[PDB]
Structures are given as structure tokens and as C-alpha cells.
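Text of final02.txt (compact mmCIF, C-alpha atoms and all ligand atoms) as supplied:
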```
# COMPACT_ATOMS: atom_id res chain seq x y z
CA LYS A 312 -16.53 -0.82 -15.40
CA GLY A 313 -15.52 -4.35 -14.54
CA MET A 314 -11.91 -5.49 -14.49
CA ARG A 315 -13.20 -8.49 -16.46
CA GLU A 316 -14.89 -6.11 -18.97
CA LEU A 317 -11.75 -4.26 -20.13
CA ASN A 318 -10.82 -4.65 -23.80
CA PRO A 319 -8.24 -3.18 -26.21
CA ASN A 320 -10.36 -0.10 -27.03
CA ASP A 321 -9.47 1.14 -23.51
CA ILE A 322 -5.71 1.06 -24.16
CA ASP A 323 -5.22 4.85 -23.66
CA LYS A 324 -8.47 5.99 -21.96
CA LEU A 325 -8.97 7.19 -18.38
CA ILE A 326 -10.84 4.34 -16.67
CA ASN A 327 -12.27 3.60 -13.22
CA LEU A 328 -11.82 0.32 -11.31
CA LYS A 329 -12.90 -1.17 -7.97
CA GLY A 330 -11.24 -4.11 -6.26
CA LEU A 331 -9.15 -5.57 -3.43
CA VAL A 332 -5.46 -4.89 -2.78
CA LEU A 333 -3.52 -8.14 -2.34
CA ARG A 334 0.00 -6.72 -1.91
CA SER A 335 2.31 -3.91 -3.00
CA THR A 336 6.01 -3.78 -3.79
CA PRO A 337 8.38 -1.66 -1.75
CA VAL A 338 8.99 1.72 -3.37
CA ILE A 339 10.85 1.29 -6.67
CA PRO A 340 13.21 4.13 -7.73
CA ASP A 341 12.29 5.38 -11.21
CA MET A 342 14.86 7.59 -12.93
CA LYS A 343 13.61 11.03 -13.99
CA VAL A 344 16.95 12.75 -14.79
CA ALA A 345 20.20 10.96 -15.61
CA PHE A 346 23.42 12.58 -14.34
CA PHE A 347 26.50 12.24 -16.57
CA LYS A 348 30.15 13.06 -15.80
CA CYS A 349 33.08 13.31 -18.22
CA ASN A 350 35.89 10.87 -17.43
CA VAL A 351 38.64 13.15 -18.77
CA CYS A 352 37.52 16.67 -17.75
CA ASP A 353 35.03 16.02 -14.87
CA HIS A 354 32.36 18.26 -16.47
CA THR A 355 28.79 17.26 -15.58
CA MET A 356 25.45 17.54 -17.40
CA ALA A 357 21.88 16.55 -16.53
CA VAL A 358 19.77 14.62 -19.07
CA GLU A 359 16.01 14.20 -18.66
CA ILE A 360 14.76 10.66 -19.23
CA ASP A 361 12.48 10.66 -22.28
CA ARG A 362 9.91 7.85 -22.62
CA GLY A 363 12.09 5.73 -20.32
CA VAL A 364 15.19 6.07 -22.57
CA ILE A 365 18.52 7.58 -21.53
CA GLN A 366 19.50 10.14 -24.19
CA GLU A 367 23.21 9.54 -23.68
CA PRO A 368 25.56 12.29 -24.94
CA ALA A 369 27.93 10.71 -27.46
CA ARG A 370 30.59 13.43 -26.99
CA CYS A 371 31.40 15.69 -24.07
CA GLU A 372 29.42 18.93 -24.15
CA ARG A 373 32.37 21.27 -23.57
CA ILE A 374 33.76 22.28 -26.97
CA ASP A 375 37.17 22.79 -25.31
CA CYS A 376 37.13 19.06 -24.40
CA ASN A 377 34.63 17.32 -26.77
CA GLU A 378 36.02 13.82 -26.17
CA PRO A 379 33.88 10.99 -27.65
CA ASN A 380 32.38 8.20 -25.52
CA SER A 381 33.86 9.81 -22.37
CA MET A 382 30.62 10.61 -20.51
CA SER A 383 29.68 8.09 -17.80
CA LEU A 384 26.53 7.74 -15.71
CA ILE A 385 26.81 8.65 -12.01
CA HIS A 386 23.93 6.54 -10.67
CA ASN A 387 23.65 8.05 -7.18
CA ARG A 388 23.66 11.63 -8.51
CA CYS A 389 20.70 11.01 -10.83
CA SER A 390 17.24 12.22 -9.78
CA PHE A 391 14.63 9.54 -9.11
CA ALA A 392 10.85 9.57 -8.93
CA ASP A 393 8.99 7.02 -6.80
CA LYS A 394 7.14 4.13 -8.45
CA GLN A 395 5.18 1.36 -6.76
CA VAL A 396 3.32 -1.63 -8.22
CA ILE A 397 0.15 -2.87 -6.50
CA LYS A 398 -1.81 -6.03 -7.35
CA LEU A 399 -5.59 -5.49 -7.41
CA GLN A 400 -7.90 -8.52 -7.34
CA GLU A 401 -11.37 -8.55 -8.90
CA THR A 402 -13.90 -8.13 -6.11
CA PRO A 403 -16.09 -11.25 -5.50
CA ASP A 404 -19.16 -9.02 -6.01
CA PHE A 405 -18.38 -8.96 -9.75
CA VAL A 406 -17.07 -12.49 -10.49
CA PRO A 407 -19.09 -15.12 -12.36
CA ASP A 408 -19.70 -17.95 -9.94
CA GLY A 409 -17.76 -20.75 -11.66
CA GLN A 410 -14.21 -19.43 -12.08
CA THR A 411 -11.28 -17.66 -10.43
CA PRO A 412 -11.19 -13.88 -9.93
CA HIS A 413 -8.95 -11.92 -12.27
CA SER A 414 -6.41 -9.34 -11.11
CA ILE A 415 -4.71 -6.26 -12.59
CA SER A 416 -1.33 -4.79 -11.71
CA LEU A 417 -1.48 -1.02 -11.18
CA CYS A 418 1.40 1.46 -11.14
CA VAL A 419 1.27 4.37 -8.69
CA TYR A 420 3.73 7.22 -8.24
CA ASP A 421 5.16 9.83 -5.85
CA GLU A 422 2.86 10.89 -2.94
CA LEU A 423 0.25 8.36 -4.17
CA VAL A 424 2.69 5.61 -3.11
CA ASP A 425 1.31 3.69 -0.10
CA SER A 426 -2.16 5.16 -0.54
CA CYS A 427 -3.41 1.67 0.39
CA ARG A 428 -2.26 -1.50 2.14
CA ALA A 429 -2.90 -5.24 1.85
CA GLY A 430 -6.58 -6.01 2.36
CA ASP A 431 -7.87 -2.56 1.38
CA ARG A 432 -10.89 -2.45 -0.91
CA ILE A 433 -10.41 0.65 -3.08
CA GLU A 434 -11.40 2.57 -6.15
CA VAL A 435 -8.77 3.82 -8.58
CA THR A 436 -9.03 6.30 -11.44
CA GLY A 437 -6.25 5.83 -13.96
CA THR A 438 -5.25 5.55 -17.57
CA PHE A 439 -5.41 2.02 -18.90
CA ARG A 440 -1.97 1.35 -20.38
CA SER A 441 -0.20 -1.49 -22.15
CA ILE A 442 3.45 -2.20 -22.97
CA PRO A 443 5.35 -5.01 -24.71
CA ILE A 444 7.55 -7.48 -22.84
CA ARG A 445 10.72 -9.19 -24.02
CA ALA A 446 11.32 -12.79 -25.05
CA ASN A 447 14.78 -12.65 -23.42
CA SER A 448 16.66 -9.72 -21.89
CA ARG A 449 19.66 -10.10 -24.23
CA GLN A 450 17.40 -9.36 -27.26
CA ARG A 451 15.09 -6.59 -28.47
CA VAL A 452 12.56 -9.24 -29.57
CA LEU A 453 9.11 -8.61 -28.07
CA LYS A 454 6.09 -10.85 -27.53
CA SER A 455 3.16 -10.10 -29.83
CA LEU A 456 0.70 -9.35 -26.97
CA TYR A 457 1.28 -6.65 -24.39
CA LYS A 458 1.24 -6.51 -20.61
CA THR A 459 -1.67 -4.34 -19.43
CA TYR A 460 -1.70 -2.12 -16.34
CA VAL A 461 -3.60 0.91 -15.03
CA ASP A 462 -1.49 4.02 -14.38
CA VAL A 463 -3.40 5.68 -11.57
CA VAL A 464 -4.12 9.37 -10.92
CA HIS A 465 -6.55 9.03 -7.98
CA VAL A 466 -7.26 6.44 -5.26
CA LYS A 467 -9.96 6.17 -2.59
CA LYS A 468 -11.03 3.55 -0.05
CA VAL A 469 -14.20 1.38 -0.17
CA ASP A 505 -18.41 16.61 19.50
CA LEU A 506 -16.91 18.21 22.65
CA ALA A 507 -19.98 20.32 23.50
CA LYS A 508 -22.25 17.27 23.50
CA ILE A 509 -19.52 15.20 25.19
CA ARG A 510 -19.35 17.61 28.14
CA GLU A 511 -23.14 18.02 28.17
CA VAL A 512 -23.76 14.27 28.46
CA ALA A 513 -20.92 14.01 31.01
CA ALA A 514 -23.01 16.16 33.39
CA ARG A 515 -25.75 13.51 33.66
CA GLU A 516 -26.44 11.62 36.90
CA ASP A 517 -27.90 8.48 35.26
CA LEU A 518 -24.91 8.24 32.89
CA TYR A 519 -23.64 4.86 34.16
CA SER A 520 -27.00 3.16 33.57
CA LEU A 521 -27.65 5.14 30.37
CA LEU A 522 -24.38 4.09 28.74
CA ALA A 523 -24.61 0.52 30.06
CA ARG A 524 -28.06 -0.11 28.55
CA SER A 525 -26.95 1.55 25.30
CA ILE A 526 -24.23 -1.01 24.51
CA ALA A 527 -26.85 -3.67 23.65
CA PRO A 528 -30.46 -2.41 24.00
CA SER A 529 -31.67 -5.25 21.75
CA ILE A 530 -30.75 -7.73 24.53
CA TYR A 531 -33.05 -8.38 27.50
CA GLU A 532 -31.93 -7.25 30.96
CA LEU A 533 -28.52 -8.53 32.12
CA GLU A 534 -27.61 -5.17 33.50
CA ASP A 535 -24.60 -5.95 35.72
CA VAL A 536 -23.02 -7.70 32.72
CA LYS A 537 -23.68 -4.58 30.63
CA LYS A 538 -22.17 -2.36 33.33
CA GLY A 539 -19.11 -4.61 33.57
CA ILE A 540 -18.55 -4.58 29.82
CA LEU A 541 -18.93 -0.78 29.71
CA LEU A 542 -16.28 -0.47 32.42
CA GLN A 543 -14.14 -2.85 30.36
CA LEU A 544 -14.51 -0.52 27.37
CA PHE A 545 -13.19 2.38 29.47
CA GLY A 546 -10.28 0.53 31.14
CA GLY A 547 -7.71 1.72 33.71
CA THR A 548 -4.35 3.46 33.28
CA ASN A 549 -0.70 2.59 32.58
CA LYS A 550 2.43 3.54 34.54
CA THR A 551 6.17 3.74 33.83
CA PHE A 552 8.63 1.87 36.07
CA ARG A 557 4.32 -3.22 33.84
CA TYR A 558 0.94 -2.37 35.34
CA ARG A 559 -1.56 -1.47 32.62
CA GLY A 560 -5.16 -0.40 31.99
CA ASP A 561 -6.60 -3.68 30.66
CA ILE A 562 -9.79 -5.11 32.17
CA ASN A 563 -10.72 -8.74 31.44
CA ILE A 564 -14.18 -10.36 31.57
CA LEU A 565 -15.66 -13.85 31.03
CA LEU A 566 -19.22 -15.08 30.45
CA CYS A 567 -20.21 -18.69 31.18
CA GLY A 568 -23.51 -20.51 31.67
CA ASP A 569 -25.76 -22.13 29.11
CA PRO A 570 -24.68 -22.10 25.43
CA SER A 571 -27.95 -21.04 23.74
CA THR A 572 -28.09 -17.51 25.15
CA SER A 573 -27.26 -13.86 24.50
CA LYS A 574 -23.52 -14.00 25.34
CA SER A 575 -22.50 -14.40 21.68
CA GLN A 576 -24.57 -11.36 20.70
CA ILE A 577 -22.94 -9.45 23.58
CA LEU A 578 -19.46 -10.28 22.25
CA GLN A 579 -20.59 -9.22 18.77
CA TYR A 580 -21.87 -5.87 20.05
CA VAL A 581 -18.69 -4.99 21.93
CA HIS A 582 -16.74 -6.02 18.81
CA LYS A 583 -18.82 -3.59 16.75
CA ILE A 584 -18.31 -0.83 19.35
CA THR A 585 -14.57 -1.13 20.02
CA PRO A 586 -12.26 0.77 17.59
CA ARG A 587 -9.64 -1.95 16.93
CA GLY A 588 -10.75 -5.22 18.56
CA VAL A 589 -11.35 -8.64 16.99
CA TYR A 590 -13.77 -11.57 17.15
CA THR A 591 -12.47 -15.14 17.32
CA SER A 592 -13.03 -18.45 19.10
CA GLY A 593 -10.82 -20.51 21.36
CA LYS A 594 -9.35 -23.01 18.87
CA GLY A 595 -8.53 -23.66 15.23
CA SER A 596 -7.82 -21.18 12.45
CA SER A 597 -10.10 -20.15 9.58
CA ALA A 598 -7.03 -18.28 8.30
CA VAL A 599 -7.20 -16.35 11.65
CA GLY A 600 -5.87 -17.81 14.92
CA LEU A 601 -5.27 -16.82 18.52
CA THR A 602 -1.50 -17.21 19.08
CA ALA A 603 1.48 -15.74 17.28
CA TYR A 604 2.94 -18.38 15.00
CA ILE A 605 5.95 -19.01 12.74
CA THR A 606 5.08 -19.99 9.16
CA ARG A 607 6.18 -19.61 5.53
CA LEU A 614 9.79 -17.89 6.71
CA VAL A 615 7.64 -15.35 8.56
CA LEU A 616 6.16 -14.64 11.99
CA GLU A 617 2.38 -14.19 11.90
CA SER A 618 0.67 -12.31 14.73
CA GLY A 619 -2.38 -13.99 16.24
CA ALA A 620 -5.76 -12.52 17.14
CA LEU A 621 -4.61 -11.62 20.66
CA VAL A 622 -1.65 -9.67 19.29
CA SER B 91 57.96 6.80 -32.47
CA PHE B 92 54.41 5.62 -31.75
CA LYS B 93 51.32 7.51 -32.90
CA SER B 94 49.87 8.81 -29.64
CA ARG B 95 48.11 11.75 -27.96
CA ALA B 96 48.74 13.66 -24.72
CA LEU B 97 45.62 13.70 -22.50
CA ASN B 98 45.86 16.37 -19.82
CA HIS B 99 44.17 16.81 -16.42
CA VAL B 100 44.86 20.53 -15.92
CA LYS B 101 41.99 21.39 -18.31
CA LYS B 102 39.54 19.78 -15.84
ZN ZN C 701 34.87 16.44 -21.14
```

Target format C-alpha cells, applied to this file:
Amino acid sequence: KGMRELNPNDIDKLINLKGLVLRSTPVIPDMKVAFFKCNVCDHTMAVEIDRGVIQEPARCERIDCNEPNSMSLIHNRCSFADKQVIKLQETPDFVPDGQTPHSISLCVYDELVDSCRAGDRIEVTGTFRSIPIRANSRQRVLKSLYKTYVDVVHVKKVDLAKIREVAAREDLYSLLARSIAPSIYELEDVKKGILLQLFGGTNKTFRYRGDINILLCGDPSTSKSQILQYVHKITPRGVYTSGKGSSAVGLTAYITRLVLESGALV
Amino acid sequence: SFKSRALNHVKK
């Protein structure tokens, strides 16, 4: 169901959402067990955190000590779970055409932390939750409408025999070369060159490296653009770009706000 | 004398 379709009947149900990850926090430590130590007698006791509240012992547990207000919290001996907050934007497939996309913050825990990264389109299954937020930290006073978030419980994105058999072939060079772009009429030495570029040479320690570099020139209204598109589709981790400007993607590494951005070459 | 209490470390 749509992120835009959620309503207060959902406030404790297990829901399903689809959308785009904008960013995530670093891992946030979330206390699961407080660890208390007695100032006078150095006795220690573990207290589970209940509904986010520290159930502080008012007096020391040991009846032979039983001093009031003497227990103190030892922060770095408490036990912490992992929490992370991720901001999920409404996918443009679902938006009405005349307004901004919505977004929902989602909380994700333990080994589900870093299930996704910025730019990932995902599904999540999670309980829709809501909580109040304060008017000011020095007061208990709460605003009369709650923050909403989804508290996730599942996330999801969006052979050798044949290899050696084909490797026995005699026509393999021509077979593979024509296969990179069989929709394109014969330019076969270009196709062979680009296949050899896909394979590449080798590296060495000492630098000399396995890169192979190719250029196509000649008339503009011809198959070279389609050829670049096909090798882009074939290669595992390459990119497509053009020699100047930036449609939020540019060639060179570049300093901007302060952050270094890596360009298309990098 | 001042009303006071002895608080002892040896019972730690
Ligand atoms: Zn004590």
C-alpha cells in the first residue's frame, strides 16, 4: 500500500512499503540493559530497559548495605542493541503529478542495519508505529500529533561446464565479437576491439595495469552511440556519460558542499 | 558532638 495512503488505522499493523533510500544514519547505540554500580559498596546489578525507561533501583540491592540513592549508571558497561534510521522517499511511480513526493523515516535494528545504501530501491515489511514528541526537552509536555515511522522486520531490494565447453570452440573470437551487438550492422573489427577491451590485460606489482582504451570517431549520426550503450549494458560496473557538463553526474572528481565527490571516471 | 554516621569501605 502507498506511503501516501497510510492513515491512523495502521498505527499498530504490520504493513508493506516500497520506495527509494535517500540516506541512513550511522549506527545508533540503543540501550537494552542498564548496568548499575553502588557508590559505597561497589556491588553491581543489571537492569533490563523496559519500554525505553530505565527502572533505576532506589536503594542498593544488598540488604547488608541498602544505601538509598547510591546506585549510579556505568554507561560503558551497559549492553546496547544497534538501531539505525533510514529515510525512504515515495517512489515517483506512485506520486500524483502535481506535488512533491512524501517520505517516511524507518527504524531498523541489529543485523538488519545496513541492509541498504543510498540510492537503493527497496521493499520493507514492518509494523507501522507512532510516538509523541516533546515541545521542549526540559518538559514532559508533548505535541498533540505523533511522529510516525515503520519499525521493520524484513527488507529486500527492488556455469563452469558450459564455460569450458564454449572455451573449446575455434570460432570463439568471431562468435563473441558479433554477440556484443548483433542488432548493429557489420563493423566487425570495432566489435573485436571492444570485446578485447572487455577482457583487458593484467596488473603487476613493483604501475602497469590491464586497462585497454578505445575511441570511435567519424560521422555523428551512426551506430557508435548504440555501441557505447551495449558495452555499458554488458560491463558489470561501468558508466555512461558525455564529455562535458553535469546532469548531477560529471567526469572529474570535484570538491563541493564540504565534501569530495568522485566523478564518472573514478 | 555532631550527628553523623561512619561509612565504611571494608564491607565492599
Ligand atoms: Zn551498596

message: Here is a test: counting all atoms listed in the file, which residue of A:547, A:619, A:340, A:379 is nearest to ligand ZN 701 (chain C)?
response: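 Comparing A:547, A:619, A:340, A:379 against ligand ZN 701 (chain C), the winner is A:379.
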
- request: Could you jot down the atom CA of residue 557 of chain A to atom CA of residue 621 of chain A separation for me, Å, one decimal place?
  value: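 Atom-to-atom, atom CA of residue 557 of chain A to atom CA of residue 621 of chain A, that is 18.0 Å.
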
8 Å contact set for residue 418 of chain A, only C-alpha atoms, chain neighbours under 3 positions out, as a ChimeraX atom specification: /A:394-397,460-463

Please produce a file of those selected residues containing C-alpha atoms, as a PDB file, keeping the file's coordinate frame.
```pdb
ATOM      1  CA  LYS A 394       7.140   4.130  -8.450  1.00  0.00           C
ATOM      2  CA  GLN A 395       5.180   1.360  -6.760  1.00  0.00           C
ATOM      3  CA  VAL A 396       3.320  -1.630  -8.220  1.00  0.00           C
ATOM      4  CA  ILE A 397       0.150  -2.870  -6.500  1.00  0.00           C
ATOM      5  CA  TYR A 460      -1.700  -2.120 -16.340  1.00  0.00           C
ATOM      6  CA  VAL A 461      -3.600   0.910 -15.030  1.00  0.00           C
ATOM      7  CA  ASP A 462      -1.490   4.020 -14.380  1.00  0.00           C
ATOM      8  CA  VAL A 463      -3.400   5.680 -11.570  1.00  0.00           C
TER       9      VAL A 463
END
```

task: Could you please tell me, as a list in words, which residues of chain A have an atom within 8 Å of chain B when using only C-alpha atoms?
output: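 That gives the following set of residues: residues 351, 352, 353 and 354 of chain A.
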
- line: Between A:327, A:381, A:320, A:402, smallest distance to ligand ZN 701 (chain C) by only C-alpha atoms and all ligand atoms belongs to A:381

query: Hey, can you check how far atom CA of residue 575 of chain A sits from atom CA of residue 593 of chain A?
result: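 Distance between the two atoms: 13.2 Å.
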
query: For the atom pair atom CA of residue 414 of chain A and atom CA of residue 333 of chain A, what is the interatomic distance in Å to one decimal place?
result: 9.3 Å

- request: Identify, on the basis of only C-alpha atoms, every residue whose closest approach to residue 464 of chain A does not exceed 12 Å; exclude the query and any residue fewer than 6 positions from it along the same chain; express the result as a list in words.
  value: residues 325, 326, 327, 328, 417, 418, 419, 420, 421, 422, 423, 424, 426, 434, 435, 436, 437, 438 and 439 of chain A

What are the closest atom pairs, with distances in Å to one decimal, for all residues of chain A lying within 12 Å of ligand ZN 701 (chain C)? Consider all atoms listed in the file, order rows by chain and residue number, and present the result as a tab-separated table.
```
residue	atom	partner	partner_atom	distance
A:347	CA	C:ZN701	ZN	10.4
A:348	CA	C:ZN701	ZN	7.9
A:349	CA	C:ZN701	ZN	4.6
A:350	CA	C:ZN701	ZN	6.8
A:351	CA	C:ZN701	ZN	5.5
A:352	CA	C:ZN701	ZN	4.3
A:353	CA	C:ZN701	ZN	6.3
A:354	CA	C:ZN701	ZN	5.6
A:355	CA	C:ZN701	ZN	8.3
A:356	CA	C:ZN701	ZN	10.2
A:368	CA	C:ZN701	ZN	10.9
A:369	CA	C:ZN701	ZN	11.0
A:370	CA	C:ZN701	ZN	7.8
A:371	CA	C:ZN701	ZN	4.6
A:372	CA	C:ZN701	ZN	6.7
A:373	CA	C:ZN701	ZN	6.0
A:374	CA	C:ZN701	ZN	8.3
A:375	CA	C:ZN701	ZN	7.9
A:376	CA	C:ZN701	ZN	4.8
A:377	CA	C:ZN701	ZN	5.7
A:378	CA	C:ZN701	ZN	5.8
A:379	CA	C:ZN701	ZN	8.5
A:380	CA	C:ZN701	ZN	9.7
A:381	CA	C:ZN701	ZN	6.8
A:382	CA	C:ZN701	ZN	7.2
A:383	CA	C:ZN701	ZN	10.4
```

Shell of 9 Å around residue 542 of chain A, all atoms listed in the file, local chain residues under 4 positions omitted, as a VMD selection string: chain A and resid 523 537 to 538 546 to 547 562

- prompt: Residues at most 8 Å from residue 454 of chain A, counting only C-alpha atoms, excluding those fewer than 5 positions away in the same chain, as JSON, numbers by chain?
  reply: {"A": [443, 444, 445, 446]}

If you count all atoms listed in the file, which residues fall within 8 Å of residue 415 of chain A, apart from same-chain ones fewer than 2 positions away, as a PDB file with C-alpha atoms, in the frame of the given file?
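Output saved as result39.pdb:
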```pdb
ATOM      1  CA  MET A 314     -11.910  -5.490 -14.490  1.00  0.00           C
ATOM      2  CA  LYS A 398      -1.810  -6.030  -7.350  1.00  0.00           C
ATOM      3  CA  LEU A 399      -5.590  -5.490  -7.410  1.00  0.00           C
ATOM      4  CA  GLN A 400      -7.900  -8.520  -7.340  1.00  0.00           C
ATOM      5  CA  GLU A 401     -11.370  -8.550  -8.900  1.00  0.00           C
ATOM      6  CA  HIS A 413      -8.950 -11.920 -12.270  1.00  0.00           C
ATOM      7  CA  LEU A 417      -1.480  -1.020 -11.180  1.00  0.00           C
ATOM      8  CA  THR A 459      -1.670  -4.340 -19.430  1.00  0.00           C
ATOM      9  CA  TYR A 460      -1.700  -2.120 -16.340  1.00  0.00           C
ATOM     10  CA  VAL A 461      -3.600   0.910 -15.030  1.00  0.00           C
TER      11      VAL A 461
END
```

query: With only C-alpha atoms as the atoms that count, which of A:317, A:558, A:322, A:536 lies nearest to residue 457 of chain A?
result: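 Under the stated criterion, the closest residue is A:322.
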
Pick from A:363, A:412, A:425, A:403, whichever lies nearest to residue 336 of chain A using all atoms listed in the file: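 That would be A:425, the residue with the smallest distance to residue 336 of chain A.
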
Is it possible to produce a file of chain B from this structure, with N, CA, C and O atoms, as a PDB file, in the first residue's frame?
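Final output, saved to selection08.pdb:
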```
ATOM      1  N   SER B  91      29.008  17.413  70.179  1.00  0.00           N
ATOM      2  CA  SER B  91      29.172  16.428  69.114  1.00  0.00           C
ATOM      3  C   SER B  91      28.122  16.624  68.025  1.00  0.00           C
ATOM      4  O   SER B  91      27.028  17.126  68.285  1.00  0.00           O
ATOM      5  N   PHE B  92      28.469  16.207  66.810  1.00  0.00           N
ATOM      6  CA  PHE B  92      27.668  16.434  65.616  1.00  0.00           C
ATOM      7  C   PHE B  92      27.039  15.121  65.167  1.00  0.00           C
ATOM      8  O   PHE B  92      27.733  14.104  65.056  1.00  0.00           O
ATOM      9  N   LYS B  93      25.728  15.141  64.919  1.00  0.00           N
ATOM     10  CA  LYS B  93      25.029  13.933  64.483  1.00  0.00           C
ATOM     11  C   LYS B  93      25.554  13.483  63.123  1.00  0.00           C
ATOM     12  O   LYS B  93      25.472  14.221  62.135  1.00  0.00           O
ATOM     13  N   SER B  94      26.095  12.265  63.082  1.00  0.00           N
ATOM     14  CA  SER B  94      26.914  11.806  61.967  1.00  0.00           C
ATOM     15  C   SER B  94      26.957  10.282  61.967  1.00  0.00           C
ATOM     16  O   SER B  94      26.610   9.637  62.961  1.00  0.00           O
ATOM     17  N   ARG B  95      27.394   9.715  60.835  1.00  0.00           N
ATOM     18  CA  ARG B  95      27.412   8.271  60.615  1.00  0.00           C
ATOM     19  C   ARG B  95      28.727   7.853  59.974  1.00  0.00           C
ATOM     20  O   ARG B  95      29.229   8.529  59.073  1.00  0.00           O
ATOM     21  N   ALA B  96      29.266   6.720  60.429  1.00  0.00           N
ATOM     22  CA  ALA B  96      30.505   6.161  59.899  1.00  0.00           C
ATOM     23  C   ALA B  96      30.193   5.273  58.699  1.00  0.00           C
ATOM     24  O   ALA B  96      29.491   4.265  58.839  1.00  0.00           O
ATOM     25  N   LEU B  97      30.725   5.640  57.531  1.00  0.00           N
ATOM     26  CA  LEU B  97      30.524   4.905  56.284  1.00  0.00           C
ATOM     27  C   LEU B  97      31.840   4.233  55.906  1.00  0.00           C
ATOM     28  O   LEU B  97      32.865   4.907  55.752  1.00  0.00           O
ATOM     29  N   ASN B  98      31.798   2.910  55.736  1.00  0.00           N
ATOM     30  CA  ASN B  98      32.969   2.043  55.819  1.00  0.00           C
ATOM     31  C   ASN B  98      33.189   1.310  54.500  1.00  0.00           C
ATOM     32  O   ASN B  98      32.243   0.765  53.922  1.00  0.00           O
ATOM     33  N   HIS B  99      34.447   1.285  54.037  1.00  0.00           N
ATOM     34  CA  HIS B  99      34.792   0.645  52.770  1.00  0.00           C
ATOM     35  C   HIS B  99      35.031  -0.856  52.889  1.00  0.00           C
ATOM     36  O   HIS B  99      34.917  -1.563  51.883  1.00  0.00           O
ATOM     37  N   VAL B 100      35.367  -1.362  54.078  1.00  0.00           N
ATOM     38  CA  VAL B 100      35.759  -2.765  54.201  1.00  0.00           C
ATOM     39  C   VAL B 100      34.589  -3.716  53.976  1.00  0.00           C
ATOM     40  O   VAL B 100      34.819  -4.910  53.746  1.00  0.00           O
ATOM     41  N   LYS B 101      33.341  -3.226  53.986  1.00  0.00           N
ATOM     42  CA  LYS B 101      32.191  -4.034  53.598  1.00  0.00           C
ATOM     43  C   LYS B 101      31.898  -3.968  52.092  1.00  0.00           C
ATOM     44  O   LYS B 101      30.792  -4.326  51.669  1.00  0.00           O
ATOM     45  N   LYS B 102      32.866  -3.535  51.281  1.00  0.00           N
ATOM     46  CA  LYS B 102      32.734  -3.570  49.830  1.00  0.00           C
ATOM     47  C   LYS B 102      32.768  -5.000  49.299  1.00  0.00           C
ATOM     48  O   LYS B 102      33.314  -5.909  49.931  1.00  0.00           O
TER      49      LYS B 102
END
```
